[PDB]
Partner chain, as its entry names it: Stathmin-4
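Let's start with one chain on its own, the form solved without its partner chain, as structure tokens.
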């Protein structure tokens, strides 16, 4: 019934802080942890993400840079988390995956595991974990995946979920990005049950083109990430029948053991039900920067929020499924599931969220492959990895397994 939330690295912390802030504003919890809302619907299932003692988040904060402590503590909601759950090391990893996976991650991982055990053992019935991080760093991309390996070796029966973000050239353009992204995908493929492939390319495109911000900072992307997290967690936060817990969501949306990489989407990006339904499936609102019309959706979850006619929602869902029937697989009957919630998000009087397991996500896995190959033929910076105890056979296996995943997605695309 309860979910332990882990956040690692600079990006992981800077998106998780916004996530906790936005869901606290939705629930009514102020910066002091005291409930100041107006509805019991807000606190019907608040124990999923909070512990009562005043309400305290279940967050476990991890980093190898001590400064990110203050950067989270100086935030509006920095004083509500347990001060004991801040496990931040001293020597940072920088931008090297091997440093966060073999040398510096393996030194703090024991303390982080003990903290996670202390937080999890208090749950009456723990349902799973979630972990917000980045595939483009050295602390998150490596240490979080090592943490997932340890947790799955320690909690095999619990659903493990992630909110990974992949790097983009227009955001950081670091030369070592594809190595970290590939090696992190290689670990998320085997040791994860659910993944929300957030793309910095999609966030930058949305902020620049649609929102007309000339130079979108990290705050602009983090706002969209927080909205995405709130939309995809509103089912697990409020009472309902669709996607009640993590395992039901996984059974609903994951057809095959490896095809568990999802495509978020949110609307409106900052207006009636048909406009929401048209924008929700539209490619401009995708957070993975791929065209959903390139491939075929395997499973779709549409979550509407606000005061709307549920009859109108159902009619629009059927109309879209009829008009776009050419993009849904015929071998998964009734693969589009619609849920409605009466609590709108922060600042929106009406909102819609889309979670789609689709084959077009392989497009993204192509990019990380291509950017890898362009610097793997010449061995651009591989000596930065073998000096940390890594081996190039791991690089070859990572590339091979990512390519095999792409091939599987393509097989199920034209099937």
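Positions refer to the first chain, counted from 1.
Although it is not shown, the form solved in complex with its partner chain is what the next lines describe.
- With the partner left out here, its partner chain still marks one of 74-82, 227-235, 142-150, 277-285 in the bound PDB entry; by a 4.5 Å heavy atom cut-off that stretch is 142-150.
- Within this chain, residue 389 lines the site of its partner chain in the bound PDB entry, having a heavy atom no more than 4.5 Å away.
- Using a 4.5 Å cutoff between non-hydrogen atoms, residue 404 does not count as a contact of its partner chain in the bound PDB entry.
- Its partner chain in the bound PDB entry is not approached by residue 196, whose heavy atoms all lie more than 4.5 angstroms from it.
- At the 4.5 Å threshold, heavy atoms of residue 102 reach its partner chain in the bound PDB entry.
- The candidate spot formed by 25, 37 and 222 is out of contact with its partner chain in the bound PDB entry: none of the three has a heavy atom within 4.5 Å.
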